[PDB]
């Protein structure tokens, strides 16, 4: 139900080995760690959760873009790219969170499908 895809707009390639941390907001308001992983050679990260665990809630996906650029010798603008959204408010959906990275810019898009 949740996939993250990261692309590099400088090289026109997948952004490989990008760390991603996902959090869910608890009923106390705090950000509870929910899942993490790193992007594969295709720039994708699958397997973060399951339909049953991925309940309604407010989720945050934090993509460690700074470390990605630093490893390429670049000092980028952003510390990270953070995507915050309410999920499954009108029933279960599949979410693809895509990010397109440049040193001084990022774009993010959600593709939401009803399986």
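Residue numbers count along the first chain shown, from 1. Only the largest set of C-alpha atoms that superpose within 1.5 Å between the two forms is called the rigid core.
Relative to the displayed structure, the C-alphas of 82 to 90 lie farther away on average in 8 other deposited structures of this protein than those of the other candidate, with 66 to 74 and 82 to 90 compared after rigid core superposition. In this entry, 31 to 39 shows the higher mean Cα temperature factor of the pair 31 to 39 and 72 to 80. Stretches 54 to 62 and 22 to 30 differ in mean C-alpha B factor, with the higher average recorded for 22 to 30. Annotation for residue 103: CA B-factor lies in the lowest third of the chain's modelled residues.
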